[PDB]
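Participant: As input, take work01.csv (CSV, C-alpha atoms and all ligand atoms):
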```csv
chain,number,residue,atom,x,y,z
T,1,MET,CA,30.3,5.2,-7.5
T,2,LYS,CA,29.5,8.9,-7.2
T,3,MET,CA,26.9,8.8,-10.0
T,4,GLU,CA,26.0,5.1,-10.6
T,5,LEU,CA,24.2,3.0,-8.0
T,6,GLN,CA,25.2,-0.6,-8.7
T,7,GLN,CA,28.9,0.1,-8.8
T,8,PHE,CA,28.6,1.9,-5.5
T,9,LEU,CA,26.6,-1.1,-4.2
T,10,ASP,CA,29.2,-3.6,-5.5
T,11,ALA,CA,32.0,-1.5,-4.0
T,12,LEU,CA,30.1,-1.4,-0.8
T,13,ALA,CA,29.7,-5.3,-1.0
T,14,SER,CA,33.4,-5.8,-2.1
T,15,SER,CA,35.2,-3.3,0.1
T,16,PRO,CA,33.0,-1.6,2.8
T,17,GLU,CA,36.1,-0.5,4.7
T,18,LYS,CA,36.9,1.7,1.7
T,19,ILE,CA,33.8,3.8,1.2
T,20,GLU,CA,33.7,7.3,2.4
T,21,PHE,CA,30.8,9.3,3.6
T,22,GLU,CA,31.1,11.7,0.7
T,23,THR,CA,30.8,8.9,-1.9
T,24,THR,CA,27.6,7.7,-0.3
T,25,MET,CA,26.3,11.3,-0.4
T,26,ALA,CA,27.3,11.5,-4.0
T,27,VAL,CA,25.5,8.3,-5.0
T,28,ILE,CA,22.3,9.1,-3.1
T,29,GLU,CA,22.2,12.6,-4.5
T,30,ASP,CA,22.8,11.4,-8.1
T,31,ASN,CA,20.2,8.6,-8.0
T,32,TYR,CA,17.4,9.7,-5.6
T,33,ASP,CA,15.1,12.7,-5.0
T,34,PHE,CA,15.5,13.6,-1.4
T,35,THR,CA,12.6,14.8,0.9
T,36,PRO,CA,13.5,15.7,4.5
T,37,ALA,CA,11.8,13.3,6.9
T,38,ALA,CA,11.7,12.8,10.7
T,39,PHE,CA,12.9,9.4,11.9
T,40,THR,CA,13.8,7.8,15.1
T,41,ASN,CA,16.8,5.6,15.6
T,42,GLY,CA,16.6,3.6,18.8
T,43,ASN,CA,17.1,6.3,21.5
T,44,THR,CA,17.5,9.2,19.1
T,45,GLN,CA,14.9,11.2,17.3
T,46,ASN,CA,15.7,13.2,14.3
T,47,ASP,CA,13.3,15.9,13.1
T,48,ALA,CA,12.9,16.6,9.4
T,49,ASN,CA,16.1,18.1,8.0
T,50,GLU,CA,18.1,17.0,11.1
T,51,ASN,CA,21.1,14.8,10.7
T,52,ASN,CA,20.2,14.6,6.9
T,53,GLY,CA,23.3,12.6,6.2
T,54,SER,CA,22.1,9.9,8.6
T,55,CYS,CA,18.5,10.3,7.1
T,56,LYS,CA,19.9,9.7,3.7
T,57,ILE,CA,21.9,6.5,4.7
T,58,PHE,CA,19.1,4.9,6.6
T,59,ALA,CA,16.5,5.5,3.9
T,60,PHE,CA,18.9,4.4,1.2
T,61,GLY,CA,19.8,1.3,3.2
T,62,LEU,CA,16.0,0.6,3.4
T,63,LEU,CA,15.5,0.9,-0.4
T,64,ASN,CA,18.5,-1.2,-1.0
T,65,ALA,CA,17.8,-3.8,1.7
T,66,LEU,CA,21.3,-3.1,3.1
T,67,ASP,CA,22.4,-5.2,6.1
T,68,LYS,CA,23.4,-3.6,9.3
T,69,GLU,CA,27.1,-3.8,8.6
T,70,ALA,CA,27.0,-2.3,5.0
T,71,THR,CA,24.8,0.4,6.3
T,72,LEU,CA,27.4,1.4,8.8
T,73,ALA,CA,30.0,1.3,6.2
T,74,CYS,CA,28.1,4.0,4.3
T,75,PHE,CA,29.0,6.5,7.1
T,76,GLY,CA,32.6,6.0,6.1
T,77,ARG,CA,35.2,7.4,8.5
T,78,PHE,CA,32.7,8.7,11.0
T,79,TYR,CA,31.9,5.1,11.6
T,80,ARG,CA,35.2,3.4,11.0
T,81,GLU,CA,37.3,6.0,12.8
T,82,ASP,CA,35.2,8.4,15.0
T,83,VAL,CA,32.8,5.8,16.4
T,84,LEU,CA,34.2,2.3,16.1
T,85,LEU,CA,37.6,3.2,17.5
T,86,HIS,CA,36.0,5.0,20.4
T,87,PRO,CA,33.3,3.1,22.4
T,88,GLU,CA,33.5,5.4,25.5
T,89,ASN,CA,32.5,8.5,23.4
T,90,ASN,CA,29.0,9.8,22.4
T,91,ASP,CA,30.0,11.3,19.2
T,92,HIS,CA,27.5,10.8,16.3
T,93,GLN,CA,24.5,9.3,18.1
T,94,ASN,CA,22.8,8.1,14.9
T,95,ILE,CA,25.8,5.8,14.3
T,96,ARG,CA,26.1,4.7,17.9
T,97,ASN,CA,22.3,4.1,18.2
T,98,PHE,CA,22.0,2.1,15.0
T,99,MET,CA,24.9,-0.1,16.1
T,100,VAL,CA,22.8,-1.0,19.2
T,101,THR,CA,19.3,-1.2,17.8
T,102,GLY,CA,20.0,-1.7,14.1
T,103,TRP,CA,17.3,-1.8,11.5
T,104,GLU,CA,14.6,-2.7,14.2
T,105,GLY,CA,15.3,0.7,15.9
T,106,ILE,CA,14.8,2.8,12.6
T,107,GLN,CA,11.5,4.3,11.9
T,108,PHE,CA,10.7,6.9,9.4
T,109,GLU,CA,7.8,9.2,9.8
T,110,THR,CA,7.7,9.7,6.1
T,111,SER,CA,9.6,8.5,3.0
T,112,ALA,CA,12.9,10.3,2.4
T,113,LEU,CA,14.0,9.1,-1.0
T,114,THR,CA,12.7,8.1,-4.3
T,115,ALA,CA,14.6,6.9,-7.3
T,116,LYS,CA,15.1,9.4,-10.1
O,1,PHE,CA,-15.0,-3.1,15.3
O,2,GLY,CA,-12.1,-1.6,17.4
O,3,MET,CA,-9.9,-4.6,16.6
O,4,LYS,CA,-6.4,-3.7,15.4
O,5,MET,CA,-3.7,-6.3,14.9
O,6,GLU,CA,-0.8,-5.6,17.3
O,7,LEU,CA,2.5,-5.6,15.4
O,8,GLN,CA,4.8,-6.9,18.2
O,9,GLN,CA,2.6,-10.0,18.9
O,10,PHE,CA,2.6,-10.8,15.2
O,11,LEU,CA,6.4,-10.5,15.2
O,12,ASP,CA,6.9,-12.7,18.3
O,13,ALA,CA,4.4,-15.2,17.0
O,14,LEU,CA,6.3,-15.1,13.7
O,15,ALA,CA,9.5,-15.6,15.8
O,16,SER,CA,8.4,-18.6,17.8
O,17,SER,CA,6.2,-20.4,15.2
O,18,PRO,CA,6.7,-19.2,11.6
O,19,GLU,CA,4.9,-22.3,10.2
O,20,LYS,CA,1.6,-21.1,11.8
O,21,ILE,CA,1.7,-17.7,10.0
O,22,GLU,CA,-1.0,-17.3,7.5
O,23,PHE,CA,-1.0,-14.8,4.6
O,24,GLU,CA,-4.3,-13.0,5.4
O,25,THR,CA,-2.8,-12.6,8.9
O,26,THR,CA,0.2,-10.9,7.4
O,27,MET,CA,-2.0,-8.8,5.2
O,28,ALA,CA,-4.0,-7.8,8.3
O,29,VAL,CA,-1.1,-6.8,10.4
O,30,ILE,CA,0.4,-4.7,7.7
O,31,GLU,CA,-2.8,-2.9,6.7
O,32,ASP,CA,-3.6,-2.2,10.4
O,33,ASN,CA,-0.1,-0.9,11.2
O,34,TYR,CA,1.2,0.9,8.0
O,35,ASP,CA,0.3,3.2,5.3
O,36,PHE,CA,0.9,1.5,1.9
O,37,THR,CA,2.2,3.4,-1.0
O,38,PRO,CA,2.6,1.4,-4.3
O,39,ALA,CA,6.3,1.1,-5.2
O,40,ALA,CA,8.2,-0.5,-8.0
O,41,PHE,CA,10.9,-3.0,-6.9
O,42,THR,CA,13.2,-5.5,-8.3
O,43,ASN,CA,13.7,-8.9,-6.7
O,44,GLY,CA,16.6,-10.7,-8.2
O,45,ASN,CA,15.3,-11.7,-11.6
O,46,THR,CA,11.8,-10.3,-11.3
O,47,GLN,CA,10.8,-6.7,-11.6
O,48,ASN,CA,7.5,-5.5,-10.2
O,49,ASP,CA,6.0,-2.2,-11.4
O,50,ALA,CA,4.0,-0.1,-8.9
O,51,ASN,CA,0.9,-1.9,-7.8
O,52,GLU,CA,2.2,-5.1,-9.3
O,53,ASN,CA,2.4,-8.1,-6.9
O,54,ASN,CA,1.4,-5.8,-4.0
O,55,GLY,CA,1.2,-8.8,-1.6
O,56,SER,CA,4.9,-9.3,-2.3
O,57,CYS,CA,5.5,-5.6,-2.2
O,58,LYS,CA,4.0,-5.3,1.3
O,59,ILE,CA,5.8,-8.4,2.7
O,60,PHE,CA,9.3,-7.5,1.6
O,61,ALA,CA,8.9,-3.9,2.8
O,62,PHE,CA,7.4,-5.2,6.0
O,63,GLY,CA,10.5,-7.6,6.4
O,64,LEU,CA,12.7,-4.5,5.9
O,65,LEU,CA,11.0,-2.4,8.4
O,66,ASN,CA,11.1,-5.0,11.0
O,67,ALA,CA,14.5,-6.2,10.2
O,68,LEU,CA,13.3,-9.7,9.4
O,69,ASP,CA,15.4,-12.5,8.3
O,70,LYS,CA,15.1,-14.0,4.8
O,71,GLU,CA,13.4,-17.1,6.1
O,72,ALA,CA,11.2,-15.1,8.4
O,73,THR,CA,10.2,-12.8,5.6
O,74,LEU,CA,9.3,-16.0,3.7
O,75,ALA,CA,7.1,-17.3,6.5
O,76,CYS,CA,5.0,-14.2,5.9
O,77,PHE,CA,3.7,-15.6,2.6
O,78,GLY,CA,2.0,-18.3,4.6
O,79,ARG,CA,0.9,-21.3,2.5
O,80,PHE,CA,1.9,-19.6,-0.8
O,81,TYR,CA,5.4,-20.2,0.5
O,82,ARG,CA,5.0,-23.3,2.7
O,83,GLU,CA,2.9,-25.2,0.3
O,84,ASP,CA,2.9,-23.8,-3.2
O,85,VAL,CA,6.6,-23.0,-3.4
O,86,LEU,CA,8.4,-25.3,-0.9
O,87,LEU,CA,6.7,-28.5,-1.8
O,88,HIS,CA,7.3,-27.9,-5.5
O,89,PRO,CA,10.8,-26.7,-6.5
O,90,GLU,CA,10.3,-27.8,-10.2
O,91,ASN,CA,7.5,-25.3,-10.7
O,92,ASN,CA,7.5,-21.5,-11.5
O,93,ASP,CA,4.6,-20.5,-9.4
O,94,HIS,CA,5.1,-17.2,-7.4
O,95,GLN,CA,8.3,-15.8,-8.9
O,96,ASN,CA,8.8,-13.2,-6.1
O,97,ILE,CA,9.0,-16.0,-3.6
O,98,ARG,CA,11.1,-18.2,-5.7
O,99,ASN,CA,13.3,-15.3,-6.5
O,100,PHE,CA,13.7,-14.1,-2.9
O,101,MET,CA,14.7,-17.6,-1.8
O,102,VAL,CA,17.6,-17.5,-4.2
O,103,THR,CA,18.8,-13.9,-4.0
O,104,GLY,CA,17.4,-12.9,-0.5
O,105,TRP,CA,17.7,-9.3,0.6
O,106,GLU,CA,20.7,-8.8,-1.7
O,107,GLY,CA,18.4,-9.1,-4.7
O,108,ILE,CA,15.8,-6.7,-3.4
O,109,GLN,CA,15.7,-3.1,-4.5
O,110,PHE,CA,12.9,-0.6,-4.0
O,111,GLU,CA,12.3,2.5,-6.1
O,112,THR,CA,10.5,4.1,-3.3
O,113,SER,CA,9.2,3.3,0.2
O,114,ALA,CA,6.3,1.0,0.0
O,115,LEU,CA,5.4,1.2,3.7
O,116,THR,CA,5.5,3.6,6.5
O,117,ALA,CA,4.4,3.1,10.1
O,118,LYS,CA,1.1,4.6,11.2
T,201,K,K,19.7,-5.2,-2.3
T,202,NA,NA,11.7,-0.6,12.6
```
Show how you would write the structure in this file as structure tokens.
Facilitator:
Amino acid sequence: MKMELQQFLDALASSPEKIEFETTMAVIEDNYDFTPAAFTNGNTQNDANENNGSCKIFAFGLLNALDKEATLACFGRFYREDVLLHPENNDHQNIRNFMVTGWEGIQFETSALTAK
Amino acid sequence: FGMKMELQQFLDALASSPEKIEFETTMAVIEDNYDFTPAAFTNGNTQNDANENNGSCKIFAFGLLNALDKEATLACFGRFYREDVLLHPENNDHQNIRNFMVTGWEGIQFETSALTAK
């Protein structure tokens, strides 16, 4: 995963419950050039350089035509544990907002990633 | 003059009656509502270099931005899909379309963002 895209993508397709935020970060960093971008995500607005981890997953899920579920898997434990196990909390508003509004709620002001 | 295609009406119209969607209509919506940036992308068994099959490039990116369904993204090709491709499965006309129908979003991968909302 960490350096090669397709294996990550296959793992994500095979065993989403098993990917970890740091493995998404690794893949994205090893395969894309990142440029900070503002983006909105349903209710939330991220300025450039803000919630970069989220910025990376959304932009990577856009390049990769990831469905809503696989995109949430990319957030690893912050999704599977912090957020999914706790509906009454307001922890990690990019995850919580994407769960509601999904890909329709995402909107980049500018392109965040380009393949190396 | 002063006539911009409204995105949401397109998408609702696309929702209720896909078969009435025309390709020029898609081209119009997208050109009025987004900045286009030539991007290479693969689509199952086709690869498009930057600026290659731009029509296709724009529709797929537009189906990504609007969280469109496979079938709905296909409706955007208008008659190229509805007539050229769907009436003639034996043929090899329009590989991006024929390709997407098989591999769907799973087969799509962009090198870089093709579209960005105005
Ligand atoms: K894909
Ligand atoms: Na959107």
Participant: For a cutoff of 12 Å around the file-coordinate point (21.1, 3.0, 3.7), which residues qualify once you count only C-alpha atoms? I'd like the result as a ChimeraX atom specification.
Facilitator: /T:8-9,12,21,24-25,27-28,53-75,95,98,102-103,106,112-113 /O:64,109-110
Participant: Take the residues just selected and output them with C-alpha atoms as a PDB file, in the coordinates of the input.
Facilitator:
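Final file, selection06.pdb:
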```pdb
ATOM      1  CA  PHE T   8      28.600   1.900  -5.500  1.00  0.00           C
ATOM      2  CA  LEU T   9      26.600  -1.100  -4.200  1.00  0.00           C
ATOM      3  CA  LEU T  12      30.100  -1.400  -0.800  1.00  0.00           C
ATOM      4  CA  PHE T  21      30.800   9.300   3.600  1.00  0.00           C
ATOM      5  CA  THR T  24      27.600   7.700  -0.300  1.00  0.00           C
ATOM      6  CA  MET T  25      26.300  11.300  -0.400  1.00  0.00           C
ATOM      7  CA  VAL T  27      25.500   8.300  -5.000  1.00  0.00           C
ATOM      8  CA  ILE T  28      22.300   9.100  -3.100  1.00  0.00           C
ATOM      9  CA  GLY T  53      23.300  12.600   6.200  1.00  0.00           C
ATOM     10  CA  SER T  54      22.100   9.900   8.600  1.00  0.00           C
ATOM     11  CA  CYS T  55      18.500  10.300   7.100  1.00  0.00           C
ATOM     12  CA  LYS T  56      19.900   9.700   3.700  1.00  0.00           C
ATOM     13  CA  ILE T  57      21.900   6.500   4.700  1.00  0.00           C
ATOM     14  CA  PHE T  58      19.100   4.900   6.600  1.00  0.00           C
ATOM     15  CA  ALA T  59      16.500   5.500   3.900  1.00  0.00           C
ATOM     16  CA  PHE T  60      18.900   4.400   1.200  1.00  0.00           C
ATOM     17  CA  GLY T  61      19.800   1.300   3.200  1.00  0.00           C
ATOM     18  CA  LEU T  62      16.000   0.600   3.400  1.00  0.00           C
ATOM     19  CA  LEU T  63      15.500   0.900  -0.400  1.00  0.00           C
ATOM     20  CA  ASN T  64      18.500  -1.200  -1.000  1.00  0.00           C
ATOM     21  CA  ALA T  65      17.800  -3.800   1.700  1.00  0.00           C
ATOM     22  CA  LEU T  66      21.300  -3.100   3.100  1.00  0.00           C
ATOM     23  CA  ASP T  67      22.400  -5.200   6.100  1.00  0.00           C
ATOM     24  CA  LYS T  68      23.400  -3.600   9.300  1.00  0.00           C
ATOM     25  CA  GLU T  69      27.100  -3.800   8.600  1.00  0.00           C
ATOM     26  CA  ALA T  70      27.000  -2.300   5.000  1.00  0.00           C
ATOM     27  CA  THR T  71      24.800   0.400   6.300  1.00  0.00           C
ATOM     28  CA  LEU T  72      27.400   1.400   8.800  1.00  0.00           C
ATOM     29  CA  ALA T  73      30.000   1.300   6.200  1.00  0.00           C
ATOM     30  CA  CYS T  74      28.100   4.000   4.300  1.00  0.00           C
ATOM     31  CA  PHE T  75      29.000   6.500   7.100  1.00  0.00           C
ATOM     32  CA  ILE T  95      25.800   5.800  14.300  1.00  0.00           C
ATOM     33  CA  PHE T  98      22.000   2.100  15.000  1.00  0.00           C
ATOM     34  CA  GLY T 102      20.000  -1.700  14.100  1.00  0.00           C
ATOM     35  CA  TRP T 103      17.300  -1.800  11.500  1.00  0.00           C
ATOM     36  CA  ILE T 106      14.800   2.800  12.600  1.00  0.00           C
ATOM     37  CA  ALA T 112      12.900  10.300   2.400  1.00  0.00           C
ATOM     38  CA  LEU T 113      14.000   9.100  -1.000  1.00  0.00           C
TER      39      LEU T 113
ATOM     40  CA  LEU O  64      12.700  -4.500   5.900  1.00  0.00           C
ATOM     41  CA  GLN O 109      15.700  -3.100  -4.500  1.00  0.00           C
ATOM     42  CA  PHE O 110      12.900  -0.600  -4.000  1.00  0.00           C
TER      43      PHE O 110
END
```
Participant: What gap, in Å, lies between atom CA of residue 52 of chain O and atom CA of residue 111 of chain T?
Facilitator: 19.8 Å
Participant: Work out how far apart atom CA of residue 6 of chain T and atom CA of residue 20 of chain T are and give it in Å to one decimal.
Facilitator: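 Pair atom CA of residue 6 of chain T / atom CA of residue 20 of chain T returns 16.1 Å.
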Participant: Report the distance between atom CA of residue 107 of chain O and atom CA of residue 9 of chain O in Å, rounded to one decimal place.
Facilitator: 28.4 Å
Participant: Per residue of chain O within 9 Å of ligand K 201 (chain T), note the shortest atom pair and the distance in Å to one decimal, counting all atoms listed in the file, and order the rows by chain and increasing residue number, as a Markdown table.
Facilitator:
```
| residue | atom | partner | partner_atom | distance |
| --- | --- | --- | --- | --- |
| O:42 | CA | T:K201 | K | 8.9 |
| O:43 | CA | T:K201 | K | 8.3 |
| O:44 | CA | T:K201 | K | 8.6 |
| O:103 | CA | T:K201 | K | 8.9 |
| O:104 | CA | T:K201 | K | 8.2 |
| O:105 | CA | T:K201 | K | 5.4 |
| O:106 | CA | T:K201 | K | 3.8 |
| O:107 | CA | T:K201 | K | 4.8 |
| O:108 | CA | T:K201 | K | 4.3 |
| O:109 | CA | T:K201 | K | 5.0 |
| O:110 | CA | T:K201 | K | 8.4 |
```
Participant: Within 10 Å of ligand NA 202 (chain T), counting all atoms listed in the file: which residues, as a ChimeraX atom specification?
Facilitator: /T:40-42,101-108 /O:62-68,116-117
Participant: Quick one: of T:1, T:19, T:84, T:38, who's nearest to chain O, counting only C-alpha atoms?
Facilitator: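 Looking at the shortest contact to chain O, the residue is T:38.
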Participant: Considering all atoms listed in the file, state which residue in the set O:115, O:85, O:101, O:59 is at the smallest distance from chain T.
Facilitator: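 Nearest to chain T: O:115.
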Participant: With distances taken over only C-alpha atoms, which residue among T:32, T:96, T:115, T:14 lies nearest residue 82 of chain T?
Facilitator: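 Among the listed residues, T:96 lies closest to residue 82 of chain T.
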Participant: Taking all atoms listed in the file into account, which of T:33, T:91, T:10, T:4 comes nearest residue 116 of chain T?
Facilitator: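 Comparing T:33, T:91, T:10, T:4 against residue 116 of chain T, the winner is T:33.
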Participant: Point out the residue among O:93, O:35, O:71, O:83 with the least atom-to-atom distance to chain T, counting all atoms listed in the file.
Facilitator: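 Residue with the minimum atom-to-atom distance to chain T: O:35.
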